[PDB]
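What follows is a set of notes on a single structure, which appears directly below.
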Amino acid sequence: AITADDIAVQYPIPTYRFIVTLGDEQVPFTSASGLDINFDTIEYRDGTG
Amino acid sequence: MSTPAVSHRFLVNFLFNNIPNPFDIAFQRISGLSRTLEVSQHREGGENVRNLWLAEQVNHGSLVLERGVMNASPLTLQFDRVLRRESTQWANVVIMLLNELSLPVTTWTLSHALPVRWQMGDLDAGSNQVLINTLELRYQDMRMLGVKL
């Protein structure tokens, strides 16, 4: 007994159903990848540790 | 044989006469202390096969220091006074390496060091780096101590 209104809140989301709005229109695509958020890194060491 | 000394742990102590407390400041990149004796070559008349080196005058190097732009210490406030020509105070500097425990294995002990140059790092829009400023001192004498001479 899980009553699929609970699946819409608790279970994860699959990748195969997606829409891509590109500007003022929707275009049907097959794949979509590369939407990362990547940072650089700054360091500093001194002689005391 | 005992293990040689690595070069990534070091303390620096300063003692000015303006400032009543001796302060200890962490640096990144102490450059290195040289000490040259400045010989001169003489050429004799009948001697063509040997050389003759005559000792003159000991030349000491310079203490170049690097650290990041951090909060105002008693040493960057002191270079600001000397480079604005409000004082000409100089300090006795003690530099020492540390072994695995805490112990000073070598000590360099500079005398009458005078702040002579400030050098700021680059401001660049794509850089990903800490702003490092370069400090430089000219001292009068140098006396190395410690057990690892």
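First to last, the protein sequences are chains B and F. In terms of PDB author numbering, the first sequence opens at residue 2 and continues consecutively. In terms of PDB author numbering, the second sequence opens at residue 1 and continues consecutively. C-beta atoms are modelled at their ideal positions from N, C-alpha and C, and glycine is treated no differently.
Integer-rounded CB distance, given that residue j should sit under 8 angstroms from residue i
i, j, result
"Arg143/F", "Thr109/F", "5 angstroms"
"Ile25/F", "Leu75/F", "5 angstroms"
Other residues of its chain near residue i: CB distance less than 8 angstroms, five sequence neighbours each side excluded
i, result
"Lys148/F", "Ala5, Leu97, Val105 and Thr106"
"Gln27/B", "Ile20 and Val21"
"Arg35/F", "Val58, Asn59, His60, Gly61 and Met142"
"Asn18/F", "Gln78, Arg81, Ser87 and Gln89"
Outcome for residue i when other beta-carbon atoms lying within 10 angstroms are tallied against a minimum of 16
i, result
"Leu137/F", "buried"
"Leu101/F", "exposed"
"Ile14/B", "exposed"
"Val12/F", "buried"
"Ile8/B", "exposed"
"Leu135/F", "buried"
"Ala2/B", "exposed"
"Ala33/B", "exposed"
"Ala113/F", "buried"
Within 8 angstroms, strictly: CB atoms of residue i and residue j
i, j, result
"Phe10/F", "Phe23/F", "no"
"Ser73/F", "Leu54/F", "no"
"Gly68/F", "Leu123/F", "no"
"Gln89/F", "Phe16/F", "yes"
"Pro115/F", "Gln78/F", "yes"
"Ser31/F", "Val64/F", "yes"
"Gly48/B", "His8/F", "yes"
"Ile43/B", "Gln119/F", "no"
"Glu56/F", "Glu44/F", "no"
Cβ shell of residue i (< 7 angstroms), same chain only, five flanking positions each side left out
i, result
"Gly121/F", "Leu131, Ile132 and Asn133"
Own chain partners of residue i with C-beta closer than 6 angstroms, once the 5 adjacent residues on each side are dropped
i, result
"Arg29/F", "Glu66"
"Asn92/F", "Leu15 and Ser111"
"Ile95/F", "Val12 and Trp108"
Closer than 7 angstroms: residue i CB and nearest the ligand ATP heavy atom
i, result
"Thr36/F", "With respect to the ligand ATP, the structure shown offers nothing to examine, as it has no ligands at all."
Minimum length 4: unbroken alpha helix (DSSP H) runs contained in the stretch 41-88 of chain F
76-83
Which full runs of the beta strand (DSSP E) of 3+ residues lie inside the stretch 14-39 of chain F, going along the chain?
none
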